[PDB]
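Report on the following structure.
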Number of protein chains: 2
Amino acid sequence: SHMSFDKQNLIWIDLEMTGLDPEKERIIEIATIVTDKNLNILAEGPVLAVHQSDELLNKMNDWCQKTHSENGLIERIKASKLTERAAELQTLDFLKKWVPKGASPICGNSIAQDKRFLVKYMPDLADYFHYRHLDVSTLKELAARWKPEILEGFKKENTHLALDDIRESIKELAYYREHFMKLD
Amino acid sequence: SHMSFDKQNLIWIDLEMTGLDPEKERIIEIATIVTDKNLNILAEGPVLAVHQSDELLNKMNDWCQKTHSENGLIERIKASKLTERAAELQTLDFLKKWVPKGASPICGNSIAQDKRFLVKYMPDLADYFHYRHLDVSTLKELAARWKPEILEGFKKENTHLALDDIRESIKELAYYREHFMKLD
């Protein structure tokens, strides 16, 4: 229990995956961040390279192998000893100190894609989430149709650091609260 | 091609399903609506009861059987001759006259849940969608944390008419554009 454990805290998550159909693809990296309802970061969670065979890595579309390599993820996947369960337990453990099970929706960009894989490879985690999604890209889509000018002034970056990735998804939300919301 | 075919039009969809895990559950109703980017309804699409065995209907959680019956959906499922493909082809056919393939994100409430089932039982349809989700409940979650007062003034209704269901999801969005957005 940290002091800021609260049922309105938000769980951000960003998987790395080896392809898009979970039924032949697997997780290869997992990261999480907890913020308060107002997007103030509380904690950064386990950033973990989940190990996977060399053949599944070899079946990877040429685009993903390029990225994962230049980032260096594969170097970690291949030096990883973590199982999916090891990854998951470690993240759960973490989450548990900051938000109650079932309270936060799943938060990040396009996170429906991540959740497909959780549901198959990390269902306890998938269950730790409220059923609802808090998809930042939802807002991008709306802005692109109802207020595109604000989009010519926010275009984020990568980095081989998952925690930086989440942070930009958050940055992005923070940006829509600013120039696309009316909070009063 | 109707005059208002446009790459920014939005496709709204609402499945009815027999349980939540697609891997043992199936579609039993499908409906769609196309709006323009500004949520003006263009067309209502095929509202179709997809037929499913009596045993899968019998394996249905007691909660879903209650609802589907009082609505009368089952009476249709059971009088249905439509296959998943028949349903799907008919919806595609429809969509094709109003939005290009791959342009609209998937729109409605919690639509990640629907898309799980499309992806397994109606993949051509699932493919007709841009990968991004436009989840109205995303906004509800944000309002509930950053401006809850507006939530004490919008609480929609059911009806055994899918097209009415979508219409409320839309109504809801329309409501957030009003009291939760700042469009300038």
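Here, A, B, ... name the chains of the structure tokens in the order displayed, residue numbers run from 1 inside each chain, and ligands are numbered from 1 in the same displayed order.
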
Considering only C-alpha atoms, extract the chain A residues located within 7 Å of chain B and return them as a PDB file with N, CA, C and O atoms, in the first residue's frame.
```
ATOM      1  N   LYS A  37      -5.519   9.849 -11.319  1.00  0.00           N
ATOM      2  CA  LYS A  37      -6.507  10.134 -12.366  1.00  0.00           C
ATOM      3  C   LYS A  37      -6.129  11.358 -13.195  1.00  0.00           C
ATOM      4  O   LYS A  37      -6.639  11.479 -14.312  1.00  0.00           O
ATOM      5  N   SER A 110      -3.917   2.546 -28.660  1.00  0.00           N
ATOM      6  CA  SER A 110      -4.316   1.328 -29.358  1.00  0.00           C
ATOM      7  C   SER A 110      -4.227   0.126 -28.443  1.00  0.00           C
ATOM      8  O   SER A 110      -3.799  -0.961 -28.818  1.00  0.00           O
ATOM      9  N   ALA A 112      -6.057  -1.976 -27.308  1.00  0.00           N
ATOM     10  CA  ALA A 112      -6.856  -3.173 -27.585  1.00  0.00           C
ATOM     11  C   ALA A 112      -5.935  -4.276 -28.104  1.00  0.00           C
ATOM     12  O   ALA A 112      -6.043  -5.437 -27.716  1.00  0.00           O
ATOM     13  N   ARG A 132     -13.158  -1.701 -19.558  1.00  0.00           N
ATOM     14  CA  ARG A 132     -13.101  -0.534 -20.429  1.00  0.00           C
ATOM     15  C   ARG A 132     -11.685  -0.135 -20.831  1.00  0.00           C
ATOM     16  O   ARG A 132     -10.737  -0.332 -20.076  1.00  0.00           O
ATOM     17  N   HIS A 133     -11.577   0.435 -22.025  1.00  0.00           N
ATOM     18  CA  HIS A 133     -10.298   0.864 -22.563  1.00  0.00           C
ATOM     19  C   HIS A 133     -10.179   2.376 -22.462  1.00  0.00           C
ATOM     20  O   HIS A 133     -11.155   3.108 -22.637  1.00  0.00           O
ATOM     21  N   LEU A 134      -8.972   2.854 -22.179  1.00  0.00           N
ATOM     22  CA  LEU A 134      -8.803   4.321 -22.269  1.00  0.00           C
ATOM     23  C   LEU A 134      -7.716   4.505 -23.331  1.00  0.00           C
ATOM     24  O   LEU A 134      -6.547   4.623 -22.982  1.00  0.00           O
ATOM     25  N   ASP A 135      -8.205   4.526 -24.564  1.00  0.00           N
ATOM     26  CA  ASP A 135      -7.394   4.579 -25.770  1.00  0.00           C
ATOM     27  C   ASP A 135      -7.139   6.018 -26.196  1.00  0.00           C
ATOM     28  O   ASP A 135      -7.982   6.737 -26.728  1.00  0.00           O
ATOM     29  N   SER A 137      -5.623   7.016 -28.648  1.00  0.00           N
ATOM     30  CA  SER A 137      -5.736   7.231 -30.098  1.00  0.00           C
ATOM     31  C   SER A 137      -7.182   7.517 -30.476  1.00  0.00           C
ATOM     32  O   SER A 137      -7.489   8.009 -31.562  1.00  0.00           O
ATOM     33  N   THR A 138      -8.078   7.200 -29.535  1.00  0.00           N
ATOM     34  CA  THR A 138      -9.490   7.514 -29.753  1.00  0.00           C
ATOM     35  C   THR A 138      -9.594   9.015 -29.986  1.00  0.00           C
ATOM     36  O   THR A 138     -10.303   9.518 -30.850  1.00  0.00           O
ATOM     37  N   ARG A 145     -10.675  14.728 -36.968  1.00  0.00           N
ATOM     38  CA  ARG A 145     -11.890  15.051 -37.706  1.00  0.00           C
ATOM     39  C   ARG A 145     -12.573  16.330 -37.253  1.00  0.00           C
ATOM     40  O   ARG A 145     -13.294  17.000 -38.004  1.00  0.00           O
ATOM     41  N   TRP A 146     -12.366  16.691 -35.988  1.00  0.00           N
ATOM     42  CA  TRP A 146     -13.055  17.850 -35.432  1.00  0.00           C
ATOM     43  C   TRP A 146     -12.062  18.937 -35.038  1.00  0.00           C
ATOM     44  O   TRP A 146     -12.468  20.037 -34.670  1.00  0.00           O
ATOM     45  N   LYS A 147     -10.747  18.730 -35.077  1.00  0.00           N
ATOM     46  CA  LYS A 147      -9.879  19.869 -34.741  1.00  0.00           C
ATOM     47  C   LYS A 147      -8.417  19.597 -35.054  1.00  0.00           C
ATOM     48  O   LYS A 147      -7.555  19.633 -34.191  1.00  0.00           O
ATOM     49  N   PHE A 180      -7.922  20.244 -26.345  1.00  0.00           N
ATOM     50  CA  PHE A 180      -9.013  19.592 -27.081  1.00  0.00           C
ATOM     51  C   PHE A 180     -10.206  19.293 -26.179  1.00  0.00           C
ATOM     52  O   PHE A 180     -11.288  18.991 -26.692  1.00  0.00           O
ATOM     53  N   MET A 181      -9.966  19.375 -24.882  1.00  0.00           N
ATOM     54  CA  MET A 181     -10.969  19.188 -23.844  1.00  0.00           C
ATOM     55  C   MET A 181     -11.485  20.543 -23.350  1.00  0.00           C
ATOM     56  O   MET A 181     -10.712  21.501 -23.252  1.00  0.00           O
ATOM     57  N   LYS A 182     -12.589  20.535 -22.603  1.00  0.00           N
ATOM     58  CA  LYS A 182     -12.976  21.742 -21.868  1.00  0.00           C
ATOM     59  C   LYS A 182     -13.311  21.338 -20.447  1.00  0.00           C
ATOM     60  O   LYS A 182     -14.394  20.847 -20.140  1.00  0.00           O
ATOM     61  N   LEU A 183     -12.362  21.490 -19.525  1.00  0.00           N
ATOM     62  CA  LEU A 183     -12.582  20.822 -18.237  1.00  0.00           C
ATOM     63  C   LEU A 183     -13.337  21.692 -17.243  1.00  0.00           C
ATOM     64  O   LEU A 183     -13.959  21.195 -16.296  1.00  0.00           O
TER      65      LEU A 183
END
```

Here's a check: after a least-squares fit over all in-order C-alpha atoms, write chain A in the frame of chain B, as a CSV table (one decimal) with C-alpha atoms, in the first residue's frame.
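Contents of selection.csv, freshly written:
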```csv
chain,number,residue,atom,x,y,z
A,1,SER,CA,-21.2,5.2,-54.3
A,2,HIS,CA,-23.5,7.6,-52.5
A,3,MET,CA,-22.7,11.3,-52.9
A,4,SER,CA,-21.5,11.3,-49.3
A,5,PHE,CA,-19.0,8.5,-49.6
A,6,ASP,CA,-16.0,10.0,-47.9
A,7,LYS,CA,-12.8,8.7,-46.4
A,8,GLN,CA,-13.5,10.4,-43.1
A,9,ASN,CA,-17.0,8.9,-42.6
A,10,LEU,CA,-17.3,6.8,-39.4
A,11,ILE,CA,-18.5,3.2,-39.1
A,12,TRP,CA,-20.4,2.3,-36.0
A,13,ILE,CA,-21.0,-1.3,-35.2
A,14,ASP,CA,-22.7,-3.2,-32.3
A,15,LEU,CA,-22.6,-6.9,-32.1
A,16,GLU,CA,-24.7,-9.1,-29.8
A,17,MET,CA,-22.7,-12.1,-28.5
A,18,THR,CA,-23.5,-15.2,-26.4
A,19,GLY,CA,-20.7,-14.8,-23.9
A,20,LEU,CA,-17.5,-12.8,-23.7
A,21,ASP,CA,-14.8,-15.3,-24.7
A,22,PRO,CA,-15.1,-15.5,-28.4
A,23,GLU,CA,-13.2,-18.8,-28.4
A,24,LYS,CA,-16.3,-20.4,-27.0
A,25,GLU,CA,-18.8,-17.7,-27.8
A,26,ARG,CA,-20.5,-16.6,-31.1
A,27,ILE,CA,-22.2,-13.6,-32.7
A,28,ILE,CA,-26.0,-13.7,-32.7
A,29,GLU,CA,-26.8,-10.2,-33.9
A,30,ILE,CA,-25.0,-7.6,-36.0
A,31,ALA,CA,-25.9,-4.0,-36.8
A,32,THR,CA,-24.1,-1.0,-38.3
A,33,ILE,CA,-24.6,2.7,-39.0
A,34,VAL,CA,-22.5,5.1,-41.0
A,35,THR,CA,-22.1,8.7,-39.9
A,36,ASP,CA,-20.1,11.5,-41.4
A,37,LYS,CA,-17.0,12.7,-39.4
A,38,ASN,CA,-19.4,15.1,-37.5
A,39,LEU,CA,-21.8,12.3,-36.3
A,40,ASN,CA,-24.6,13.1,-38.8
A,41,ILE,CA,-26.2,9.7,-39.7
A,42,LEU,CA,-25.8,8.9,-43.4
A,43,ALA,CA,-27.2,5.4,-43.4
A,44,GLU,CA,-28.4,2.5,-41.2
A,45,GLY,CA,-27.1,-0.8,-42.3
A,46,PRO,CA,-28.2,-4.4,-42.1
A,47,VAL,CA,-29.7,-5.4,-38.7
A,48,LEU,CA,-29.3,-9.1,-38.8
A,49,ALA,CA,-30.0,-12.0,-36.4
A,50,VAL,CA,-27.2,-14.6,-36.9
A,51,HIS,CA,-28.5,-18.1,-36.1
A,52,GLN,CA,-26.8,-20.3,-33.6
A,53,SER,CA,-27.5,-23.8,-32.1
A,54,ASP,CA,-29.9,-24.3,-29.2
A,55,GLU,CA,-27.1,-25.8,-27.1
A,56,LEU,CA,-24.8,-22.8,-27.5
A,57,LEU,CA,-27.8,-20.6,-26.5
A,58,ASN,CA,-28.3,-23.0,-23.6
A,59,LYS,CA,-24.7,-22.6,-22.4
A,60,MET,CA,-25.4,-18.9,-22.3
A,61,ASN,CA,-25.0,-17.2,-18.9
A,62,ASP,CA,-28.3,-16.8,-17.2
A,63,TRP,CA,-27.9,-13.0,-17.5
A,64,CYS,CA,-27.6,-13.0,-21.3
A,65,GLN,CA,-30.4,-15.5,-21.8
A,66,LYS,CA,-32.7,-13.2,-19.7
A,67,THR,CA,-32.0,-10.1,-21.8
A,68,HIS,CA,-31.9,-11.7,-25.2
A,69,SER,CA,-35.3,-13.3,-24.5
A,70,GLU,CA,-37.1,-10.3,-23.2
A,71,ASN,CA,-35.7,-8.3,-26.1
A,72,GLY,CA,-36.8,-11.2,-28.3
A,73,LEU,CA,-33.5,-11.7,-30.0
A,74,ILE,CA,-33.6,-15.5,-29.5
A,75,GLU,CA,-36.9,-15.7,-31.3
A,76,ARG,CA,-35.0,-14.3,-34.3
A,77,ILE,CA,-31.8,-16.3,-33.8
A,78,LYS,CA,-33.9,-19.4,-33.9
A,79,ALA,CA,-35.9,-18.2,-36.8
A,80,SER,CA,-32.7,-17.0,-38.6
A,81,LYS,CA,-31.3,-18.7,-41.7
A,82,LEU,CA,-28.3,-16.4,-41.7
A,83,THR,CA,-24.8,-17.7,-41.4
A,84,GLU,CA,-21.9,-15.6,-40.1
A,85,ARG,CA,-20.7,-15.1,-43.7
A,86,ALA,CA,-24.2,-14.3,-44.9
A,87,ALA,CA,-24.4,-11.6,-42.2
A,88,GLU,CA,-20.9,-10.3,-42.9
A,89,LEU,CA,-21.1,-10.2,-46.7
A,90,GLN,CA,-24.4,-8.3,-46.3
A,91,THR,CA,-22.7,-5.8,-44.0
A,92,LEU,CA,-19.6,-5.4,-46.1
A,93,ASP,CA,-21.8,-4.9,-49.2
A,94,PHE,CA,-23.5,-2.1,-47.4
A,95,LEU,CA,-20.4,-0.5,-45.9
A,96,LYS,CA,-18.6,-0.4,-49.3
A,97,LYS,CA,-21.1,2.1,-50.7
A,98,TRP,CA,-20.3,4.7,-47.9
A,99,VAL,CA,-16.7,4.4,-46.7
A,100,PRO,CA,-13.5,3.0,-48.2
A,101,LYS,CA,-12.0,-0.2,-46.8
A,102,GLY,CA,-9.4,0.6,-44.1
A,103,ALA,CA,-10.4,4.2,-43.6
A,104,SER,CA,-12.6,4.3,-40.5
A,105,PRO,CA,-11.6,3.3,-37.0
A,106,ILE,CA,-14.1,1.0,-35.2
A,107,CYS,CA,-16.7,3.1,-33.4
A,108,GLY,CA,-19.0,2.5,-30.5
A,109,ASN,CA,-19.0,1.6,-26.9
A,110,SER,CA,-16.3,-0.8,-25.7
A,111,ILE,CA,-16.0,-1.9,-29.3
A,112,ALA,CA,-12.8,-3.8,-28.6
A,113,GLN,CA,-15.1,-6.6,-27.3
A,114,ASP,CA,-16.9,-6.7,-30.6
A,115,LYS,CA,-13.8,-6.7,-32.8
A,116,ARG,CA,-12.4,-9.8,-30.9
A,117,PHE,CA,-15.4,-11.7,-32.4
A,118,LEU,CA,-15.2,-10.1,-35.9
A,119,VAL,CA,-11.5,-11.0,-36.0
A,120,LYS,CA,-12.5,-14.6,-35.4
A,121,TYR,CA,-15.8,-15.0,-37.1
A,122,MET,CA,-15.9,-12.1,-39.6
A,123,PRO,CA,-12.3,-11.2,-40.5
A,124,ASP,CA,-13.1,-9.6,-43.8
A,125,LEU,CA,-15.3,-7.1,-41.9
A,126,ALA,CA,-12.6,-6.8,-39.2
A,127,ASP,CA,-10.2,-5.9,-41.9
A,128,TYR,CA,-12.6,-3.3,-43.4
A,129,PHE,CA,-11.6,-1.2,-40.4
A,130,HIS,CA,-8.6,0.9,-39.7
A,131,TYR,CA,-6.7,-0.6,-36.8
A,132,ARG,CA,-7.7,2.2,-34.4
A,133,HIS,CA,-10.6,2.2,-32.1
A,134,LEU,CA,-13.0,5.1,-31.5
A,135,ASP,CA,-14.3,4.0,-28.1
A,136,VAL,CA,-16.9,6.4,-26.7
A,137,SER,CA,-16.4,4.8,-23.2
A,138,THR,CA,-12.8,6.1,-23.4
A,139,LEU,CA,-14.4,9.6,-22.9
A,140,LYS,CA,-16.7,8.5,-20.2
A,141,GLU,CA,-13.8,7.2,-18.2
A,142,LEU,CA,-12.0,10.5,-18.6
A,143,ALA,CA,-15.1,12.6,-17.8
A,144,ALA,CA,-15.6,10.4,-14.7
A,145,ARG,CA,-12.1,11.5,-13.5
A,146,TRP,CA,-11.8,15.0,-14.9
A,147,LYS,CA,-15.4,16.2,-15.1
A,148,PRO,CA,-18.0,13.9,-13.5
A,149,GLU,CA,-20.7,16.5,-13.2
A,150,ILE,CA,-21.5,16.1,-16.8
A,151,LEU,CA,-22.2,12.4,-16.2
A,152,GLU,CA,-25.0,13.1,-13.8
A,153,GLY,CA,-26.8,14.5,-16.8
A,154,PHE,CA,-26.5,11.7,-19.5
A,155,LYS,CA,-27.7,8.2,-18.7
A,156,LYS,CA,-29.0,6.4,-21.8
A,157,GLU,CA,-31.3,3.5,-22.4
A,158,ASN,CA,-31.5,0.1,-24.0
A,159,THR,CA,-34.1,-1.1,-26.5
A,160,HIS,CA,-34.2,-4.4,-28.4
A,161,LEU,CA,-33.3,-2.4,-31.5
A,162,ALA,CA,-29.6,-2.4,-32.2
A,163,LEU,CA,-29.9,0.7,-34.3
A,164,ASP,CA,-31.2,2.5,-31.3
A,165,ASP,CA,-28.3,1.2,-29.3
A,166,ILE,CA,-25.8,2.5,-31.8
A,167,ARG,CA,-27.7,5.7,-31.9
A,168,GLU,CA,-27.2,6.3,-28.1
A,169,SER,CA,-23.5,5.5,-28.4
A,170,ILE,CA,-23.5,8.3,-30.9
A,171,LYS,CA,-25.8,10.5,-28.8
A,172,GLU,CA,-23.3,10.0,-26.1
A,173,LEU,CA,-20.3,11.1,-28.2
A,174,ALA,CA,-22.4,14.0,-29.3
A,175,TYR,CA,-22.9,14.8,-25.7
A,176,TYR,CA,-19.1,14.8,-24.9
A,177,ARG,CA,-18.4,17.1,-27.9
A,178,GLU,CA,-20.9,19.5,-26.3
A,179,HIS,CA,-20.0,19.4,-22.7
A,180,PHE,CA,-16.5,17.9,-22.5
A,181,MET,CA,-14.6,19.0,-25.7
A,182,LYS,CA,-13.4,22.4,-26.8
A,183,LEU,CA,-13.7,22.5,-30.5
A,184,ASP,CA,-13.2,26.2,-31.3
```

Among stretch 14-178 of chain B, which residues carry a DSSP assignment of alpha helix (DSSP H), reported as a VMD selection string? chain B and resid 54 to 58 62 to 71 73 to 77 84 to 95 111 to 121 123 to 127 136 to 146 162 to 178

Check the DSSP output for the backbone and give back, as a count of residues only, the residues of chain A in strand (DSSP E). 27
